[PDB]
Every structure is written in structure tokens, then in C-alpha cells.
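# Breakdown of the fold
Residue strings, one per chain:
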Amino acid sequence: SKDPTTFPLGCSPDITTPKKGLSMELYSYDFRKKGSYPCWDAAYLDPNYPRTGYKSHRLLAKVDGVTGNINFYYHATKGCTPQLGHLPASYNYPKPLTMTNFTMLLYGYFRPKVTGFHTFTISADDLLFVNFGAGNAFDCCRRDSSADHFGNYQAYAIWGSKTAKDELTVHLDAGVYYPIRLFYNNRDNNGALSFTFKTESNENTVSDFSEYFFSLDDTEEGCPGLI
Ligand SMILES: OC[C@H]1O[C@@H](O[C@@H]2[C@@H](O)[C@@H](O)O[C@H](CO)[C@H]2O)[C@H](O)[C@@H](O)[C@H]1O
Ligand SMILES: [Ca+2]
């Protein structure tokens, strides 16, 4: 199914070794013309923006190997102004960009170290939408064929809501590879992203996904979860 669940389906890759990290795509996201009220564009909140809307914007980059700690907080000096900044080294993107106003997509697989309930906690300024699980995010080693067909969000955080924070609790199996999609936007001013998790297994919070995030090439037959 494509719907969100407490028991997402995962994937079992064959020989070809998973590559470390997620793939990232960076897109432009403009302010409105000077004098507009507000200065920022609300286009990022169109329900189709994370499916088809972002594609109409300028592609800035596509990179592989995104892993480690992917959290960031970018302090702008003021609102309504394009300002330059850099993503954390973990994003494997060494060029400056308009950190005040941009859209970013991350996708790949999450591999647990434990079998049991995982709670992922997210926050964002302005927006982080998470899909998680086969179908919900995308199909097992059939991502290109299924990437636009993601289902309802497992978790989402929008700056301006009560909390700007959400959680996803899911039962996962260790060593299985779960499709994951993160969709981020900054419309104006400061920008933030937090993505961490805990499990029933202990009281450690994971912020560094060096051993958790992976990429698998698509295959003829796909790589459906065998366990
Ligand atoms: O604080 C993060 C938040 O800032 C937003 O802009 C604010 C806006 O809420 C306001 O009242 O005006 C000031 C002008 O400097 C500005 O701080 C922004 O639109 C959001 O995306 C958040 O980043
Ligand atoms: Ca912002």
C-alpha cells in the first residue's frame, strides 16, 4: 500500500553493496517582487508543491552521499532578503546558496540496527514532510518508476503551527532497508531542520545517520522485502 502505517514495508537488496548516504536535490525558491505583502511566497504550502510544484523551479544541484548529522540551523540577519549560506558538510555540497529561501529533497533508505519501535522526531523552519516505507515513500529498488507516487505523509512539521514539531513511531526490523523521502522548504529568514530518533532498545538519541542512511540502485525486478 501507499498509505502511512505503524508497520511500514521494507526492502531486501541483493549483492550490489548499498552506497552510504541519501541523494539530495536542491531547488530555487524565490521571494515575491519587492513591495509584496508578505515578502515571501506561500506556494510551498500548495498541496501539490512537494509532488509536482517544486519541479517548475530552478534545479541547483543533485548530490549523493548525504549522511552523518543532517540537522542545521541557518540564522539570517533579517527577513525578506535573499542571503547566502552553506549546508553542513554532511550534505556533500560545498557551494553557497540562498539558505533563506530554497527547497530541498532527500531520498534513499533507512536501515535500522534494532528490531522494535522507533520514534523519529522532526522539526523545521519552514517545512519538512516525511514519507517512510515501501509504497509510502517509494517502491523497493523501483524508485524512478514510483518517485512521484508517494502517499500521505507519515510525519510533517510546518513553522507557524502550534508546535512546528512532529513524530513518527514505527516498528522496524533490523538490517531491512526502508524507503524514505524528506521534503524541506525555507520561504524566508531563518532556516532549520531537525531529524533524530530513539528506539525501545535504549535511551540513546541518534542524530548521526552515518550507519543508517543508504542508497540502492534500481533493478529490473526490484528488491522487495523478503523477511
Ligand atoms: O523566526 C523564524 C521565522 O521568521 C519569519 O519571519 C519573521 C516574521 O514572522 C515577522 O514577524 O517579521 C520578521 C522580520 O524580520 C521575521 O523575523 C519567516 O517568515 C519564517 O520562515 C521563519 O523563518
Ligand atoms: Ca524560514
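Going by the header, the method for this PDB entry is X-ray crystallography, and the resolution given is 2.05 Å.

All right, on to the nonpolar core then. Grouped together as the largest cluster of nonpolar side chains are 42 residues, with contacts concentrated most on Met-24, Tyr-91, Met-104 and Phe-195. Look past the residues within four positions of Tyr-91 in its chain and what remains in contact with it is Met-24, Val-63, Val-66, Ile-70, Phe-72, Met-104, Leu-106 and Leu-193. Judged by nonpolar contacts, the second largest core, of 12 residues, contains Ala-134, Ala-137, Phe-138 and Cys-141.

As recorded in UniProt, the sites labelled "domain: PA14" (unreviewed entry) are residues 64–211. This span, residues 64–211, is 3% helix and 44% strand, and a straight line between its end C-alpha atoms measures 15 Å.

With that settled, consider the side chain of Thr-103. Positionally, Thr-103 belongs in strand β7 (residues 102–110). Judged by its relative accessible area of 0%, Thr-103 is buried. In this structure the side chain of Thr-103 is engaged in a polar contact, spanning 2.7 Å, whose partner is the side chain of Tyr-49. Setting aside chain neighbours within four positions, we find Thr-103 in contact with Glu-25, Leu-26, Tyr-27, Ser-28, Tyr-29, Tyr-49, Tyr-54, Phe-183, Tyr-184 and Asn-185.

Turning to the sheet that holds strand β11 (residues 165–172), a few remarks are in order. The strand order across the open sheet built from four strands is β4-β13-β8-β11, with neighbouring strands paired in antiparallel fashion. With one partner strand each, in any of the chains shown, β4 (72–74) and β11 form the two edges of the open sheet. Within the sheet, the average angular offset between the axes of one strand and its neighbour, ignoring direction, is 15°. The pairing of β4 with strand β13 (residues 191–199) spans three bridges and is antiparallel. Bridging across to β13, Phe-72 finds its partner in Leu-193.

Moving on to the environment of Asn-152. For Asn-152, the position within the fold is in the loop between α1 (143–146) and β10 (155–158). Residues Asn-152 and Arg-187, spaced 35 residues apart in sequence, show a C-alpha to C-alpha distance of 22 Å. Once residues lying within four places of it in the same chain are set aside, the contact partners of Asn-152 are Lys-2, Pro-4, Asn-131 and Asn-136.

Side chains that carry opposite charge are capable of pairing whenever their charged atoms lie near each other. Throughout the structure, instances matching the rule amount to four salt bridges. For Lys-55, the salt bridge identified is with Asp-148, shortest N-O distance 3.0 Å. You can see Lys-55 sitting in the loop between β2 (22–28) and β3 (59–66) and its partner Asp-148 sitting in the loop between α1 and β10, a full 93 residues away along the chain. Overall, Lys-55 belongs to the partly exposed group, its relative accessible area being 41%. In this structure, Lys-113 engages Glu-211 in a salt bridge whose closest nitrogen and oxygen atoms are separated by 2.7 Å. One end of the pair, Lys-113, is in the loop between β7 and β8 (116–125); the other, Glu-211, is in the loop between β13 and β14 (213–215), with 98 residues separating them in the sequence. According to the relative accessible area criterion, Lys-113 is partly exposed, its value standing at 42%.

Okay, the site of ligand 1 next. The local shell around ligand 1 consists of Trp-40, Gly-79, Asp-125, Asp-126, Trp-159, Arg-187, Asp-188, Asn-189 and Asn-190. Across the complex, the protein chains shield 56% of the 500 Å² of accessible surface that ligand 1 would expose by itself. Of the residues that constitute the shell around ligand 1, the class distribution is two nonpolar, three polar and four charged.

The tally for this structure, following the rule as stated, stands at 29 aromatic pairs. The interplanar angle of 35° and the centroid separation of 6.0 Å between the aromatic rings of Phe-195 and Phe-213 together place this pair among those described as tilted. Residue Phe-195 is found in strand β13, and its partner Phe-213 is found in strand β14; the two are separated by 18 residues along the sequence. For the pair shown, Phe-195 and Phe-213 are each scored as buried. Aromatic rings pair up to connect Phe-110, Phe-120, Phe-132, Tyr-178, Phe-195, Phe-197, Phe-209, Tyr-212 and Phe-213 into one cluster. Above the face of the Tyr-212 ring, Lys-113 is positioned so that its terminal group lies 5.5 Å from the ring centre.

About the cut-offs
- Residues numbered from 1 in each chain as written, not as in the entry; some residues may be left out.
- Chains lettered and ligands numbered in written order.
- Heavy atoms only, no water.
- Residues with missing side-chain atoms left out of burial classes, pairs and counts.
- Core = buried A, V, L, I, M, F, W, Y, C linked by side-chain atoms within 4.5 Å.
- Buried < 20%, exposed > 50% of the residue type's maximum accessible area, 1.4 Å probe, protein only.
- Contact = heavy atoms within 4.5 Å.
- UniProt positions renumbered as here; feature names shortened; annotations may be inferred.
- Helix = DSSP H or I, 4+ residues; strand = E, 2+ residues; numbered from the N terminus.
- Polar contact = N/O pair within 3.5 Å; in protein donor to acceptor, adjacent residues only side chain to side chain.
- Pairing = 2+ DSSP bridges.
- Axes fitted to C-alpha atoms, helices over the stretch in contact; angles between N-to-C directions.
- Salt bridge = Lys/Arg side-chain N within 4 Å of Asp/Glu carboxyl O.
- Near = heavy atom within 4 Å.
- Areas by Shrake-Rupley, 256 points an atom, 1.4 Å probe, with all protein chains shown as cover.
- Nonpolar A, V, L, I, M, F, W, Y, C, P; charged D, E, K, R; others polar.
- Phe/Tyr/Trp six-rings, centres within 6.5 Å; stacked < 30°, edge-to-face > 60°.
- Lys NZ or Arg CZ within 6 Å of the ring centre and 35° of its normal.

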